Amino acid sequence: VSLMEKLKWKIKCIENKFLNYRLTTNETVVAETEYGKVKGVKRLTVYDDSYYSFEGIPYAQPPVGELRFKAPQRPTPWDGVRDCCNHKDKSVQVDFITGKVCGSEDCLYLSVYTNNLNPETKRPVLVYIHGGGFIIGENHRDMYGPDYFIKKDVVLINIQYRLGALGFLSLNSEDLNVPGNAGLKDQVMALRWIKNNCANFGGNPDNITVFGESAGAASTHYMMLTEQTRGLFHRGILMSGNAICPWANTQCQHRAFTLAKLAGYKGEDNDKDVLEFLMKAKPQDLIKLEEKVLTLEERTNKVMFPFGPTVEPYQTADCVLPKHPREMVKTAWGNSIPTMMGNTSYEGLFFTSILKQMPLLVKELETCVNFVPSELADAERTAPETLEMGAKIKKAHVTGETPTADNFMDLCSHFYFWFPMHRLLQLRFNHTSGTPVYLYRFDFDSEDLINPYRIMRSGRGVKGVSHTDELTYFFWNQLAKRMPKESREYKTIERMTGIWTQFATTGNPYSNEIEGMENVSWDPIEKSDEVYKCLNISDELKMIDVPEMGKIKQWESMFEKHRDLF
């Protein structure tokens with residue numbers, strides 16, 4: 001990230017600190033939790049509203065020392081008042097602006113926000129799980145501020161969980177008790193805390209919505225798949241992702257060795273000796289080195305991250321993912337709660353940054369074999385069958401004689417988001433009670449209000465609605481500002497927070513109390529539907545046929561002779 005964006009960020013970081021102080025009040029308050037009393041503080045927003053803020057609530061034991069790489073344990077109770085007027089540190093990770101490692105192994109906290117601590121009726125509980133490819137992210141308010149949500153009468157909760165190798169290291173040796181998915185197991189324990197305590201904040205434990213975006217969407221879906229969380233929450237919103245996206249799980253059991261070797265491990269490839277080294281290593285040295293773990297073969301085959309969600313190699317008491325996600329859908333309790341899913345209108349437009357450093361990637365569309373789903377393609381991607389599936393992809397996205405960068409980013413919309421969404425719906429249809437699933441397409445483009453991911457994806461002065469462009473209208477961030485109440489940006493904030501709170505409360509996303517939904521008839525998807533219908537969210541709210549349907553079906557055609565793999 002460029003020196004100018006670095007200094008610009010440094011200055012906004014300084015601005016945000018002074019804004020956070022100014023927006024604090026002296027009105028502290030105390031709530032009960034099952035672990036002891038917590039002191040929160042009331043804060044202000046730039047729209048002159050206010051909310052009670054409880055930050056730094058522990059839902060697990062600090063995962064340090066011997067607890068590193070392991071399943072989370074329940075925190076120790078305390079008798080007194082715990083200071084929750086300040087945020088805790090984020091999971092150890094690389095800062096995308098600075099490129100330096102930041103954060104701490106002590107990161108298993110959650111935040112609880114609400115405009116009213118003593119409501120007259122118990123309120124819908126909204127739980128946000130952040131994305132960041134399972135390697136970055138945080139519940140800090142400079143990125144995920146509840147300022148918009150607290151206009152509505154809900155309780156909003158933002159959790160943290162362990163990222164990267166510290167969250168997702170996986171070893172085969174059953175004696176070592178590092179089956180993997182510690183970071184997902186962090187999410188589970190946070191849920192159990194939310195189930196059992198949200199009532200003390202005015203929240204209704206029988207009306208909980210979990211939602212997330214990117215890796216947060218995949219996490220939300222994982223929380224809907226696992227038996228570990230059955231009945232814990234009641235609605236799910238999958239924003240630009242799910243657990244059968246090709247980036248959302250990986251078999252990383254061999255990669256521990258590689259990471260230890262990068263970090264200075266001298267010795268042989270056996271799990272026990274690898275673990276012992278990794279247990280004593282400095283957390284920052286490990287995270288710094290994660291970028292180098294993937295081989296060139298893996299990157300070629302589109303493996304995006306070294307460590308993430310995995311099929312655990314043996315079953316433990318806290319096991320989250322015992323079979324592949326596609327298999328788990330077939331027995332998922334989550335299949336039978338109201339679900340909303342959606343994507344932006346140009347998801348893949350996100351990859352512009354990466355494309356600029358790697359022009360050569362656009363030549364991959366000449367045959368498109370590297371984008372054939374892994375489970376269908378051969379090792380070298382050279383089999384005649386593979387060139388045949390590749391051809392079906394190329395016909396779908398390459399528009400002229402020679403492939404373009406826009407062909408590429410369009411393909412990525414489908415490779416990373418639409419096609420996995422299509423596979424999940426169809427699969428889900430075969431194994432569900434028949435609860436509704438609603439689709440949205442976020443198609444609202446503005447450069448007047450933005451969020452920090454635009455800095456990362458080099459999205460300055462780029463038209464189109466990229467992956468993460470919609471977070472801007474849900475959460476406050478330190479790049480935001482007060483928007484006029486008549487502006488298109490403000491109206492979209494109302495519409496987005498409105499629909500989500502509408503869905504959270506009733507399990508039905510439609511309301512005529514939302515400006516612009518007067519002629520909206522928003523129907524759920526049926527298994528009989530050959531074509532998906534979605535609410536398209538731009539300046540106007542319009543029900544349409546999903547525009548990406550034709551390409552979606554083309555991708556499906558790759559499974560013609562392999563329908564059991566679909």
# chains A, B, ... in the order shown; residues from 1 in each chain; ligands from 1

$ select_by_dssp --residues "range 373-453 of chain A" --states "helix (DSSP H, G or I)" --output "PDB file with N, CA, C and O atoms, in the first residue's frame"
ATOM      1  N   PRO A 384      -7.687 -33.676 -21.338  1.00  0.00           N
ATOM      2  CA  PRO A 384      -8.653 -33.182 -22.327  1.00  0.00           C
ATOM      3  C   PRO A 384     -10.012 -32.822 -21.693  1.00  0.00           C
ATOM      4  O   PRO A 384     -10.673 -31.892 -22.171  1.00  0.00           O
ATOM      5  N   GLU A 385     -10.405 -33.532 -20.637  1.00  0.00           N
ATOM      6  CA  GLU A 385     -11.648 -33.219 -19.950  1.00  0.00           C
ATOM      7  C   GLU A 385     -11.549 -31.809 -19.345  1.00  0.00           C
ATOM      8  O   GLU A 385     -12.483 -31.021 -19.418  1.00  0.00           O
ATOM      9  N   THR A 386     -10.385 -31.485 -18.809  1.00  0.00           N
ATOM     10  CA  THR A 386     -10.186 -30.226 -18.128  1.00  0.00           C
ATOM     11  C   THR A 386     -10.206 -29.037 -19.086  1.00  0.00           C
ATOM     12  O   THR A 386     -10.792 -27.985 -18.776  1.00  0.00           O
ATOM     13  N   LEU A 387      -9.601 -29.206 -20.260  1.00  0.00           N
ATOM     14  CA  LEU A 387      -9.666 -28.165 -21.274  1.00  0.00           C
ATOM     15  C   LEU A 387     -11.119 -27.997 -21.735  1.00  0.00           C
ATOM     16  O   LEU A 387     -11.501 -26.949 -22.242  1.00  0.00           O
ATOM     17  N   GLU A 388     -11.924 -29.039 -21.562  1.00  0.00           N
ATOM     18  CA  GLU A 388     -13.312 -28.992 -22.007  1.00  0.00           C
ATOM     19  C   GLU A 388     -14.181 -28.219 -21.035  1.00  0.00           C
ATOM     20  O   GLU A 388     -15.093 -27.489 -21.428  1.00  0.00           O
ATOM     21  N   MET A 389     -13.903 -28.386 -19.759  1.00  0.00           N
ATOM     22  CA  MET A 389     -14.646 -27.646 -18.770  1.00  0.00           C
ATOM     23  C   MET A 389     -14.159 -26.221 -18.845  1.00  0.00           C
ATOM     24  O   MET A 389     -14.961 -25.292 -18.844  1.00  0.00           O
ATOM     25  N   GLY A 390     -12.844 -26.058 -18.961  1.00  0.00           N
ATOM     26  CA  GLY A 390     -12.261 -24.734 -19.113  1.00  0.00           C
ATOM     27  C   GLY A 390     -12.931 -23.942 -20.224  1.00  0.00           C
ATOM     28  O   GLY A 390     -13.211 -22.749 -20.058  1.00  0.00           O
ATOM     29  N   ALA A 391     -13.206 -24.615 -21.347  1.00  0.00           N
ATOM     30  CA  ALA A 391     -13.865 -24.001 -22.496  1.00  0.00           C
ATOM     31  C   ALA A 391     -15.263 -23.474 -22.167  1.00  0.00           C
ATOM     32  O   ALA A 391     -15.685 -22.452 -22.681  1.00  0.00           O
ATOM     33  N   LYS A 392     -15.985 -24.170 -21.309  1.00  0.00           N
ATOM     34  CA  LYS A 392     -17.328 -23.729 -20.945  1.00  0.00           C
ATOM     35  C   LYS A 392     -17.307 -22.448 -20.103  1.00  0.00           C
ATOM     36  O   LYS A 392     -18.231 -21.625 -20.176  1.00  0.00           O
ATOM     37  N   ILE A 393     -16.249 -22.304 -19.307  1.00  0.00           N
ATOM     38  CA  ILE A 393     -15.973 -21.094 -18.558  1.00  0.00           C
ATOM     39  C   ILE A 393     -15.580 -19.925 -19.488  1.00  0.00           C
ATOM     40  O   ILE A 393     -16.045 -18.783 -19.337  1.00  0.00           O
ATOM     41  N   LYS A 394     -14.722 -20.213 -20.455  1.00  0.00           N
ATOM     42  CA  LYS A 394     -14.251 -19.186 -21.367  1.00  0.00           C
ATOM     43  C   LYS A 394     -15.393 -18.605 -22.210  1.00  0.00           C
ATOM     44  O   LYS A 394     -15.481 -17.391 -22.385  1.00  0.00           O
ATOM     45  N   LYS A 395     -16.257 -19.478 -22.725  1.00  0.00           N
ATOM     46  CA  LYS A 395     -17.446 -19.057 -23.466  1.00  0.00           C
ATOM     47  C   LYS A 395     -18.354 -18.174 -22.610  1.00  0.00           C
ATOM     48  O   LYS A 395     -19.119 -17.374 -23.134  1.00  0.00           O
ATOM     49  N   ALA A 396     -18.300 -18.346 -21.295  1.00  0.00           N
ATOM     50  CA  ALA A 396     -19.208 -17.619 -20.414  1.00  0.00           C
ATOM     51  C   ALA A 396     -18.735 -16.190 -20.112  1.00  0.00           C
ATOM     52  O   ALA A 396     -19.560 -15.303 -19.910  1.00  0.00           O
ATOM     53  N   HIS A 397     -17.424 -15.964 -20.095  1.00  0.00           N
ATOM     54  CA  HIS A 397     -16.893 -14.683 -19.628  1.00  0.00           C
ATOM     55  C   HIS A 397     -15.983 -13.946 -20.605  1.00  0.00           C
ATOM     56  O   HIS A 397     -15.791 -12.738 -20.462  1.00  0.00           O
ATOM     57  N   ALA A 405      -9.286  -7.644 -18.780  1.00  0.00           N
ATOM     58  CA  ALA A 405      -9.243  -7.588 -17.318  1.00  0.00           C
ATOM     59  C   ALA A 405     -10.649  -7.631 -16.735  1.00  0.00           C
ATOM     60  O   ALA A 405     -10.869  -8.161 -15.645  1.00  0.00           O
ATOM     61  N   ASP A 406     -11.601  -7.071 -17.474  1.00  0.00           N
ATOM     62  CA  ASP A 406     -12.983  -7.090 -17.045  1.00  0.00           C
ATOM     63  C   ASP A 406     -13.592  -8.476 -17.213  1.00  0.00           C
ATOM     64  O   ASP A 406     -14.464  -8.859 -16.439  1.00  0.00           O
ATOM     65  N   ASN A 407     -13.140  -9.220 -18.225  1.00  0.00           N
ATOM     66  CA  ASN A 407     -13.552 -10.615 -18.371  1.00  0.00           C
ATOM     67  C   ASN A 407     -13.098 -11.365 -17.133  1.00  0.00           C
ATOM     68  O   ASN A 407     -13.851 -12.139 -16.551  1.00  0.00           O
ATOM     69  N   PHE A 408     -11.859 -11.106 -16.730  1.00  0.00           N
ATOM     70  CA  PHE A 408     -11.262 -11.735 -15.552  1.00  0.00           C
ATOM     71  C   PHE A 408     -12.053 -11.456 -14.266  1.00  0.00           C
ATOM     72  O   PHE A 408     -12.420 -12.378 -13.527  1.00  0.00           O
ATOM     73  N   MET A 409     -12.308 -10.182 -13.997  1.00  0.00           N
ATOM     74  CA  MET A 409     -12.987  -9.813 -12.765  1.00  0.00           C
ATOM     75  C   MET A 409     -14.429 -10.314 -12.796  1.00  0.00           C
ATOM     76  O   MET A 409     -14.953 -10.756 -11.773  1.00  0.00           O
ATOM     77  N   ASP A 410     -15.049 -10.308 -13.978  1.00  0.00           N
ATOM     78  CA  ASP A 410     -16.361 -10.938 -14.126  1.00  0.00           C
ATOM     79  C   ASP A 410     -16.333 -12.446 -13.811  1.00  0.00           C
ATOM     80  O   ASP A 410     -17.221 -12.960 -13.115  1.00  0.00           O
ATOM     81  N   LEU A 411     -15.317 -13.151 -14.318  1.00  0.00           N
ATOM     82  CA  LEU A 411     -15.161 -14.567 -13.999  1.00  0.00           C
ATOM     83  C   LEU A 411     -15.056 -14.736 -12.487  1.00  0.00           C
ATOM     84  O   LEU A 411     -15.727 -15.590 -11.917  1.00  0.00           O
ATOM     85  N   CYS A 412     -14.222 -13.920 -11.841  1.00  0.00           N
ATOM     86  CA  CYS A 412     -13.996 -14.046 -10.399  1.00  0.00           C
ATOM     87  C   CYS A 412     -15.288 -13.853  -9.612  1.00  0.00           C
ATOM     88  O   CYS A 412     -15.442 -14.429  -8.544  1.00  0.00           O
ATOM     89  N   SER A 413     -16.208 -13.039 -10.120  1.00  0.00           N
ATOM     90  CA  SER A 413     -17.486 -12.859  -9.437  1.00  0.00           C
ATOM     91  C   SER A 413     -18.146 -14.220  -9.318  1.00  0.00           C
ATOM     92  O   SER A 413     -18.744 -14.575  -8.280  1.00  0.00           O
ATOM     93  N   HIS A 414     -18.020 -14.999 -10.382  1.00  0.00           N
ATOM     94  CA  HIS A 414     -18.689 -16.285 -10.424  1.00  0.00           C
ATOM     95  C   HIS A 414     -17.864 -17.386  -9.758  1.00  0.00           C
ATOM     96  O   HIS A 414     -18.401 -18.190  -9.012  1.00  0.00           O
ATOM     97  N   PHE A 415     -16.564 -17.418 -10.011  1.00  0.00           N
ATOM     98  CA  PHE A 415     -15.722 -18.434  -9.396  1.00  0.00           C
ATOM     99  C   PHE A 415     -15.755 -18.356  -7.875  1.00  0.00           C
ATOM    100  O   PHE A 415     -15.852 -19.370  -7.199  1.00  0.00           O
ATOM    101  N   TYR A 416     -15.683 -17.148  -7.332  1.00  0.00           N
ATOM    102  CA  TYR A 416     -15.598 -17.003  -5.892  1.00  0.00           C
ATOM    103  C   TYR A 416     -16.948 -16.859  -5.183  1.00  0.00           C
ATOM    104  O   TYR A 416     -17.040 -17.204  -4.008  1.00  0.00           O
ATOM    105  N   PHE A 417     -17.989 -16.370  -5.870  1.00  0.00           N
ATOM    106  CA  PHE A 417     -19.253 -16.048  -5.178  1.00  0.00           C
ATOM    107  C   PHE A 417     -20.556 -16.616  -5.802  1.00  0.00           C
ATOM    108  O   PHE A 417     -21.279 -17.356  -5.139  1.00  0.00           O
ATOM    109  N   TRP A 418     -20.872 -16.286  -7.050  1.00  0.00           N
ATOM    110  CA  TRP A 418     -22.180 -16.698  -7.593  1.00  0.00           C
ATOM    111  C   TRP A 418     -22.348 -18.214  -7.747  1.00  0.00           C
ATOM    112  O   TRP A 418     -23.392 -18.763  -7.389  1.00  0.00           O
ATOM    113  N   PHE A 419     -21.330 -18.891  -8.273  1.00  0.00           N
ATOM    114  CA  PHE A 419     -21.452 -20.321  -8.493  1.00  0.00           C
ATOM    115  C   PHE A 419     -21.550 -21.078  -7.161  1.00  0.00           C
ATOM    116  O   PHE A 419     -22.433 -21.916  -7.010  1.00  0.00           O
ATOM    117  N   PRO A 420     -20.666 -20.781  -6.181  1.00  0.00           N
ATOM    118  CA  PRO A 420     -20.915 -21.440  -4.892  1.00  0.00           C
ATOM    119  C   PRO A 420     -22.292 -21.119  -4.292  1.00  0.00           C
ATOM    120  O   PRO A 420     -22.868 -21.989  -3.628  1.00  0.00           O
ATOM    121  N   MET A 421     -22.806 -19.907  -4.510  1.00  0.00           N
ATOM    122  CA  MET A 421     -24.159 -19.570  -4.039  1.00  0.00           C
ATOM    123  C   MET A 421     -25.187 -20.446  -4.735  1.00  0.00           C
ATOM    124  O   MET A 421     -26.137 -20.922  -4.125  1.00  0.00           O
ATOM    125  N   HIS A 422     -24.993 -20.646  -6.032  1.00  0.00           N
ATOM    126  CA  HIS A 422     -25.902 -21.468  -6.816  1.00  0.00           C
ATOM    127  C   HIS A 422     -25.871 -22.930  -6.347  1.00  0.00           C
ATOM    128  O   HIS A 422     -26.914 -23.557  -6.196  1.00  0.00           O
ATOM    129  N   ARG A 423     -24.678 -23.456  -6.075  1.00  0.00           N
ATOM    130  CA  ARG A 423     -24.561 -24.838  -5.601  1.00  0.00           C
ATOM    131  C   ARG A 423     -25.198 -25.030  -4.235  1.00  0.00           C
ATOM    132  O   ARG A 423     -25.831 -26.053  -3.986  1.00  0.00           O
ATOM    133  N   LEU A 424     -25.035 -24.051  -3.347  1.00  0.00           N
ATOM    134  CA  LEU A 424     -25.603 -24.181  -2.013  1.00  0.00           C
ATOM    135  C   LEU A 424     -27.126 -24.190  -2.071  1.00  0.00           C
ATOM    136  O   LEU A 424     -27.747 -25.019  -1.434  1.00  0.00           O
ATOM    137  N   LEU A 425     -27.730 -23.289  -2.841  1.00  0.00           N
ATOM    138  CA  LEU A 425     -29.193 -23.239  -2.903  1.00  0.00           C
ATOM    139  C   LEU A 425     -29.796 -24.569  -3.356  1.00  0.00           C
ATOM    140  O   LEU A 425     -30.627 -25.154  -2.669  1.00  0.00           O
ATOM    141  N   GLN A 426     -29.367 -25.035  -4.523  1.00  0.00           N
ATOM    142  CA  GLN A 426     -29.815 -26.321  -5.046  1.00  0.00           C
ATOM    143  C   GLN A 426     -29.614 -27.490  -4.050  1.00  0.00           C
ATOM    144  O   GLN A 426     -30.520 -28.298  -3.825  1.00  0.00           O
ATOM    145  N   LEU A 427     -28.437 -27.555  -3.444  1.00  0.00           N
ATOM    146  CA  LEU A 427     -28.131 -28.587  -2.467  1.00  0.00           C
ATOM    147  C   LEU A 427     -29.046 -28.470  -1.267  1.00  0.00           C
ATOM    148  O   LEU A 427     -29.593 -29.470  -0.768  1.00  0.00           O
ATOM    149  N   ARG A 428     -29.221 -27.229  -0.812  1.00  0.00           N
ATOM    150  CA  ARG A 428     -30.069 -26.947   0.337  1.00  0.00           C
ATOM    151  C   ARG A 428     -31.516 -27.362   0.077  1.00  0.00           C
ATOM    152  O   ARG A 428     -32.184 -27.912   0.955  1.00  0.00           O
ATOM    153  N   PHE A 429     -31.984 -27.116  -1.142  1.00  0.00           N
ATOM    154  CA  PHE A 429     -33.343 -27.470  -1.513  1.00  0.00           C
ATOM    155  C   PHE A 429     -33.671 -28.951  -1.317  1.00  0.00           C
ATOM    156  O   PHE A 429     -34.797 -29.293  -0.971  1.00  0.00           O
ATOM    157  N   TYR A 453     -11.628  -0.988   2.946  1.00  0.00           N
ATOM    158  CA  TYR A 453     -11.282  -2.009   1.950  1.00  0.00           C
ATOM    159  C   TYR A 453     -11.054  -1.392   0.573  1.00  0.00           C
ATOM    160  O   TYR A 453     -10.411  -1.996  -0.294  1.00  0.00           O
TER     161      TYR A 453
END

$ closest_atom_pairs --of "range 176-278 of chain A" --to "range 125-135 of chain A" --cutoff "6 Å" --atoms "only C-alpha atoms" --output "Markdown table"
| residue | atom | partner | partner_atom | distance |
| --- | --- | --- | --- | --- |
| A:203 | CA | A:125 | CA | 5.6 |
| A:208 | CA | A:125 | CA | 4.6 |
| A:209 | CA | A:126 | CA | 4.8 |
| A:210 | CA | A:127 | CA | 4.7 |
| A:211 | CA | A:128 | CA | 5.2 |
| A:212 | CA | A:129 | CA | 4.7 |
| A:213 | CA | A:131 | CA | 5.4 |
| A:214 | CA | A:131 | CA | 4.9 |
| A:215 | CA | A:131 | CA | 4.1 |
| A:216 | CA | A:131 | CA | 4.0 |

$ closest_residue --among "A:264, A:145, A:56, A:400" --to "residue 285 in chain A" --atoms "only C-alpha atoms"
A:264

$ closest_residue --among "A:247, A:532, A:96, A:351" --to "residue 217 in chain A" --atoms "only C-alpha atoms"
A:247

$ closest_residue --among "A:339, A:375, A:153, A:527" --to "residue 430 in chain A" --atoms "only C-alpha atoms"
A:527
